[PDB]
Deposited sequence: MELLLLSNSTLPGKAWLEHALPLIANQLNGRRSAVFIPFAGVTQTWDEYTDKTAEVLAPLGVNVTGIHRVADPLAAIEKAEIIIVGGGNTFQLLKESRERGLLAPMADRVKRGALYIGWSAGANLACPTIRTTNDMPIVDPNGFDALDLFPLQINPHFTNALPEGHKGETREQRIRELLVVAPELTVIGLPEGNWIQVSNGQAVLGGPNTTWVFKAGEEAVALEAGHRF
């Protein structure tokens, strides 16, 4: 499988998605057709959310279509070579994806070879559940289960308390591995390999285990 899971969209002083471009270009391998899932977005229209993405990705050979601008979203996902999931509120992203019947189809399509790119809420969505989002529960998603494509739980925008909250999760779900992924960092899964990247310190939390700092290049 091919996933690019970014903690966030924009480095300080840089353009929205700029640090992700080389990563995406490296991973596309000729793929062009993309559907953008805008549902995490709240304060900006989904229509407008779709354009910034197309803007920076079009030169990379990616044709981005908003999943809210197509007549048959299920078929759009089935035919897509790339699934892009933007940031925003994770609960709304999951609620809409589930209600619209797009959750399993997105997972199926990525399992069948499509490249998945998600940042912030979109990185959360790739995990087994959204139990590690920092977002407020503004809408009930009718289940916390998510795409279940990446086996570990990612806590994006990580900064430490946050560790205390993660430790409470580890009391109720002792089998989990939680990755505190700081802004600026990402996890790129490609050719049978999940690799950590970025200049900031990443942390991993497991039940009964001291926090472990992971270095860029660490393979999960």
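- Unmodelled region of the deposited sequence, numbered from residue 1: 161-169 only.
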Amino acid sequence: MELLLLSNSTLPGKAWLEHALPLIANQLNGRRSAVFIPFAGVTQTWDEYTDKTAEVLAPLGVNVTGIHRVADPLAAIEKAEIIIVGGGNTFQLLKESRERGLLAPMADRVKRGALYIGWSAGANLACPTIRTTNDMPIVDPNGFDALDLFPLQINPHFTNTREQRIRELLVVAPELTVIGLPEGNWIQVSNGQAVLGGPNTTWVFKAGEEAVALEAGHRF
From here on, numbers count along this sequence of modelled residues.
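- 50-58 and 35-43 differ in mean CA B-factor, and the higher of the two is recorded for 50-58.
- Averaged over Cα atoms, the B-factor as recorded in the entry is higher for 98-106 than for the other of 116-124 and 98-106.
- Taking only the listed residues 188, 160, 155, 63, the entry reports the highest CA temperature factor at 160.
- In the deposited entry, the Cα temperature factor of residue 214 places it in the highest third of its chain's modelled residues.
- Ranked by C-alpha B-factor against the other modelled residues of its chain, residue 30 falls in the highest third.
- For residue 192, the recorded CA temperature factor ranks within the highest third of the chain's modelled residues.
- Split the chain's modelled residues into thirds by C-alpha temperature factor. Residue 70 is in the highest one.
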